[PDB]
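Colleague: What follows is a structure written as structure tokens; I'll ask about it next.
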Amino acid sequence: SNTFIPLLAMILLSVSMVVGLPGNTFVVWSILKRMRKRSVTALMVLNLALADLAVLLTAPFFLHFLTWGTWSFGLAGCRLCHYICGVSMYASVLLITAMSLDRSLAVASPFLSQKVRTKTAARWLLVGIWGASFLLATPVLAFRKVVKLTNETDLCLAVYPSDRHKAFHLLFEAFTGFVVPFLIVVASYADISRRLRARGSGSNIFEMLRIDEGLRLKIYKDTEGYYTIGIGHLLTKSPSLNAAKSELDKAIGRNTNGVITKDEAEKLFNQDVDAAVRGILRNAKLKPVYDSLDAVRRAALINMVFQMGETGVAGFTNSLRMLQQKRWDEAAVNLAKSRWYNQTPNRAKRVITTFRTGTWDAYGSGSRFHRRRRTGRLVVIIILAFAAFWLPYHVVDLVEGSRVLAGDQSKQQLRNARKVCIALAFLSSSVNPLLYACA
Ligand SMILES: CC(C)(c1ccc(O)cc1)c1ccc(OCc2cccc(COc3ccc(C(=N)N)cc3)c2)cc1
């Protein structure tokens with residue numbers, strides 16, 4: 001088994017050359033030669049597919065070192081190749097953090113993105129990522145030097161003066177390289193999938209509310225004589241129009257002069273359910289029942305809460321728990337005697353109908369189907385191919401530093417096992433062009 005690990009590491013590094021060199025050289029080409037307005041999503045890809053190219057430029061050296069038997073490029077060679085390799089890991093993973101940290105701001109509030117996602121404020125970030133990536137790989141050029149092993153064989157690897165030195169740096173490139181990003185991209189990218197559960201899949205929750213609360217695209221006066229716009233979005237508790245009108249422009253970022261788009265009315269409505277669902281989940285009485293209700297019957301809890309406020313809908317306890325206990329017919333007929341049913345029966349006869357049937361049958365037929373998922377669905381695979389390629393390597397870094405404080409011959413497998421994990425990761429630089437050729 002002494003011969004097959006070098007055999008495995010020399011094909012992957014060569015298939016990464018035959019696939020990663022041409023693809024990245026093309027991907028980096030189009031974004032420069034054949035484009036006028038380079039989108040922000042075309043710069044992330046650019047630098048990410050630009051950095052991935054530099055790592056592969058060092059591959060012909062490790063392959064030579066893999067077969068020749070000794071290093072051949074002097075202190076600079078092995079001081080450099082690891083620095084170039086160490087900077088792409090850092091640059092690549094931070095770009096993937098930013099890309100993933102951003103698709104959580106495009107759903108948290110899509111009106112701030114227009115005022116924050118500026119090509120001038122994206123380019124002036126890349127330098128930051130690059131600069132803050134050029135620095136975090138600096139220990140690798142201080143600790144990796146060539147040592148003459150035999151008259152005819154000088155090997156190169158990290159020379160750590162003490163094992164405490166080795167430990168922390170092996171841990172240091174794990175938290176910062178992977179664990180800090182893996183934790184960040186898990187908070188942001190799971191906040192989203194936990195945000196949409198309130199917002200409901202597709203636009204289905206919106207059109208339901210349009211029929212009910214009325215869709216108006218200009219500032220008007222509410223039922224109680226107060227300024228609102230859209231589906232009940234309260235602009236301000238204030239009398240003045242210019243105060244009310246200006247208050248809106250702050251939350252949209254553009255000079256509306258009193259008018260918003262069908263889109264702007266919908267995004268703004270999501271903030272009206274996003275913030276109306278925390279009130280539910282932070283409410284003593286309607287949190288438990290809501291958690292039990294399926295995706296369909298949830299929007300109607302969001303509907304009544306939109307209607308009368310949580311403090312008000314919290315009153316129908318006996319009709320509340322009957323839902324929680326999954327008995328609809330005894331909650332459908334029980335809600336029939338409320339003043340809410342009497343004062344407004346066109347919207348009560350259908351909200352209640354969505355409970356006992358658990359479908360959108362009472363509201364519409366075939367005008368709600370959308371593909372809410374955006375191009376970030378592609379952005380969510382280039383992080384997984386990345387994570388699946390870089391976890392094998394880092395667990396060893398994580399296990400060496402951990403097991404270098406207590407306890408050779410049992411650990412003689414790690415470097416033999418690290419060799420492939422370290423060499424497997426040479427394919428992540430060659431994974432974007434196939435994902436772009438996935439279509
Ligand atoms: C496998 C080989 C040739 C060897 C040699 C002697 C032997 O007996 C057995 C094996 C070897 C030697 C040294 C070595 O250290 C460099 C290294 C180690 C892990 C990782 C990277 C960067 O990878 C990246 C960085 C960034 C990206 C990116 N997406 N932008 C992709 C891949 C560099 C690596 C391999």
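By order of appearance in the structure tokens: chains A, B, ..., then residues from 1 within every chain, and ligands from 1 in the order shown.
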Mind checking which residues fall within 12 Å of residue A:123, counting only C-alpha atoms, ignoring those fewer than 6 positions away in the same chain, and posting them as number ranges by chain?
Modeller: A: 38-44, 46-47, 95, 117, 129-130
Colleague: Would you output that residue set with C-alpha atoms, as a tab-separated table (two decimals), in the first residue's frame?
Modeller:
```tsv
chain	number	residue	atom	x	y	z
A	38	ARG	CA	-19.54	42.82	-15.05
A	39	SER	CA	-22.27	41.84	-12.59
A	40	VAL	CA	-21.46	41.43	-8.91
A	41	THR	CA	-22.31	37.75	-9.35
A	42	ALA	CA	-19.78	37.80	-12.22
A	43	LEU	CA	-17.03	39.10	-9.91
A	44	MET	CA	-17.47	36.51	-7.18
A	46	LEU	CA	-14.34	35.75	-11.45
A	47	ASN	CA	-12.07	35.99	-8.40
A	95	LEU	CA	-15.80	34.53	-1.03
A	117	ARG	CA	-24.99	45.52	-3.04
A	129	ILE	CA	-11.09	39.56	1.32
A	130	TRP	CA	-7.88	39.23	-0.71
```
Colleague: Fewer than 4 positions away in the same chain doesn't count, so skip those; otherwise give me all residues within 8 Å of residue A:335, counting only C-alpha atoms, as a list in words.
Modeller: residues 319, 331, 341 and 352 of chain A
Colleague: Using only C-alpha atoms, which protein or nucleic acid residues come within 12 Å of residue A:380? Drop anything in the same chain fewer than 4 positions from it, and give the result as a list in words.
Modeller: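 Skipping anything fewer than 4 positions along the chain leaves residues 96, 97, 99, 100, 101, 102, 103, 104, 185, 186, 188, 189, 190, 373, 374, 375, 376, 384, 385, 386, 387, 432 and 435 of chain A.
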Colleague: I'd like to know which residues of stretch 127-280 of chain A are strand (DSSP E) (by DSSP, run on the backbone); could you write them as a list in words?
Modeller: residues 144, 145, 146, 147, 148, 149, 150, 153, 154, 155, 156, 157, 158, 220, 221, 227, 228, 229, 233 and 234 of chain A
Colleague: So that each row is one residue of chain A with an atom at most 8 Å from ligand 1, can you give its shortest atom pair and the distance in Å to one decimal, using only C-alpha atoms and all ligand atoms, rows by chain and rising number, as JSON lines?
Modeller:
```
{"residue": "A:5", "atom": "CA", "partner": "ligand 1", "partner_atom_place_in_ligand_line": "9 (C)", "distance": 7.4}
{"residue": "A:6", "atom": "CA", "partner": "ligand 1", "partner_atom_place_in_ligand_line": "9 (C)", "distance": 5.9}
{"residue": "A:9", "atom": "CA", "partner": "ligand 1", "partner_atom_place_in_ligand_line": "1 (C)", "distance": 5.4}
{"residue": "A:10", "atom": "CA", "partner": "ligand 1", "partner_atom_place_in_ligand_line": "3 (C)", "distance": 7.1}
{"residue": "A:13", "atom": "CA", "partner": "ligand 1", "partner_atom_place_in_ligand_line": "3 (C)", "distance": 7.6}
{"residue": "A:48", "atom": "CA", "partner": "ligand 1", "partner_atom_place_in_ligand_line": "30 (N)", "distance": 6.8}
{"residue": "A:49", "atom": "CA", "partner": "ligand 1", "partner_atom_place_in_ligand_line": "30 (N)", "distance": 7.5}
{"residue": "A:51", "atom": "CA", "partner": "ligand 1", "partner_atom_place_in_ligand_line": "30 (N)", "distance": 5.2}
{"residue": "A:52", "atom": "CA", "partner": "ligand 1", "partner_atom_place_in_ligand_line": "30 (N)", "distance": 3.6}
{"residue": "A:53", "atom": "CA", "partner": "ligand 1", "partner_atom_place_in_ligand_line": "30 (N)", "distance": 7.1}
{"residue": "A:54", "atom": "CA", "partner": "ligand 1", "partner_atom_place_in_ligand_line": "30 (N)", "distance": 7.5}
{"residue": "A:55", "atom": "CA", "partner": "ligand 1", "partner_atom_place_in_ligand_line": "26 (C)", "distance": 5.7}
{"residue": "A:56", "atom": "CA", "partner": "ligand 1", "partner_atom_place_in_ligand_line": "32 (C)", "distance": 7.7}
{"residue": "A:59", "atom": "CA", "partner": "ligand 1", "partner_atom_place_in_ligand_line": "3 (C)", "distance": 7.7}
{"residue": "A:62", "atom": "CA", "partner": "ligand 1", "partner_atom_place_in_ligand_line": "3 (C)", "distance": 4.4}
{"residue": "A:63", "atom": "CA", "partner": "ligand 1", "partner_atom_place_in_ligand_line": "3 (C)", "distance": 5.7}
{"residue": "A:65", "atom": "CA", "partner": "ligand 1", "partner_atom_place_in_ligand_line": "5 (C)", "distance": 6.5}
{"residue": "A:66", "atom": "CA", "partner": "ligand 1", "partner_atom_place_in_ligand_line": "6 (C)", "distance": 5.1}
{"residue": "A:81", "atom": "CA", "partner": "ligand 1", "partner_atom_place_in_ligand_line": "16 (C)", "distance": 7.0}
{"residue": "A:82", "atom": "CA", "partner": "ligand 1", "partner_atom_place_in_ligand_line": "16 (C)", "distance": 5.2}
{"residue": "A:84", "atom": "CA", "partner": "ligand 1", "partner_atom_place_in_ligand_line": "22 (C)", "distance": 8.0}
{"residue": "A:85", "atom": "CA", "partner": "ligand 1", "partner_atom_place_in_ligand_line": "22 (C)", "distance": 4.2}
{"residue": "A:86", "atom": "CA", "partner": "ligand 1", "partner_atom_place_in_ligand_line": "22 (C)", "distance": 6.0}
{"residue": "A:87", "atom": "CA", "partner": "ligand 1", "partner_atom_place_in_ligand_line": "26 (C)", "distance": 7.4}
{"residue": "A:88", "atom": "CA", "partner": "ligand 1", "partner_atom_place_in_ligand_line": "30 (N)", "distance": 4.2}
{"residue": "A:89", "atom": "CA", "partner": "ligand 1", "partner_atom_place_in_ligand_line": "26 (C)", "distance": 4.0}
{"residue": "A:90", "atom": "CA", "partner": "ligand 1", "partner_atom_place_in_ligand_line": "26 (C)", "distance": 7.6}
{"residue": "A:91", "atom": "CA", "partner": "ligand 1", "partner_atom_place_in_ligand_line": "30 (N)", "distance": 7.1}
{"residue": "A:92", "atom": "CA", "partner": "ligand 1", "partner_atom_place_in_ligand_line": "30 (N)", "distance": 5.0}
{"residue": "A:93", "atom": "CA", "partner": "ligand 1", "partner_atom_place_in_ligand_line": "29 (N)", "distance": 7.9}
{"residue": "A:157", "atom": "CA", "partner": "ligand 1", "partner_atom_place_in_ligand_line": "13 (C)", "distance": 7.4}
{"residue": "A:386", "atom": "CA", "partner": "ligand 1", "partner_atom_place_in_ligand_line": "29 (N)", "distance": 7.2}
{"residue": "A:393", "atom": "CA", "partner": "ligand 1", "partner_atom_place_in_ligand_line": "19 (C)", "distance": 7.3}
{"residue": "A:416", "atom": "CA", "partner": "ligand 1", "partner_atom_place_in_ligand_line": "9 (C)", "distance": 7.7}
{"residue": "A:419", "atom": "CA", "partner": "ligand 1", "partner_atom_place_in_ligand_line": "10 (C)", "distance": 4.9}
{"residue": "A:420", "atom": "CA", "partner": "ligand 1", "partner_atom_place_in_ligand_line": "1 (C)", "distance": 6.6}
{"residue": "A:421", "atom": "CA", "partner": "ligand 1", "partner_atom_place_in_ligand_line": "19 (C)", "distance": 7.7}
{"residue": "A:422", "atom": "CA", "partner": "ligand 1", "partner_atom_place_in_ligand_line": "19 (C)", "distance": 4.1}
{"residue": "A:423", "atom": "CA", "partner": "ligand 1", "partner_atom_place_in_ligand_line": "1 (C)", "distance": 4.5}
{"residue": "A:425", "atom": "CA", "partner": "ligand 1", "partner_atom_place_in_ligand_line": "32 (C)", "distance": 5.1}
{"residue": "A:426", "atom": "CA", "partner": "ligand 1", "partner_atom_place_in_ligand_line": "32 (C)", "distance": 4.2}
{"residue": "A:427", "atom": "CA", "partner": "ligand 1", "partner_atom_place_in_ligand_line": "31 (C)", "distance": 6.5}
{"residue": "A:428", "atom": "CA", "partner": "ligand 1", "partner_atom_place_in_ligand_line": "29 (N)", "distance": 4.8}
{"residue": "A:429", "atom": "CA", "partner": "ligand 1", "partner_atom_place_in_ligand_line": "29 (N)", "distance": 3.7}
{"residue": "A:430", "atom": "CA", "partner": "ligand 1", "partner_atom_place_in_ligand_line": "29 (N)", "distance": 7.4}
```
Colleague: Would you kindly return, as a list in words, each protein, DNA or RNA residue with an atom no farther than 12 Å from any atom of residue A:308, considering only C-alpha atoms and excluding same-chain residues fewer than 6 positions away?
Modeller: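 The residues satisfying every condition are residues 213, 232, 276, 301, 302, 314, 315, 316, 339, 340 and 344 of chain A.
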Colleague: Run DSSP on the backbone and grab whatever in stretch 146-307 of chain A lands in alpha helix (DSSP H); send it over as number ranges by chain.
Modeller: A: 163-174, 180-199, 204-213, 241-250, 262-281, 286-292, 295-307
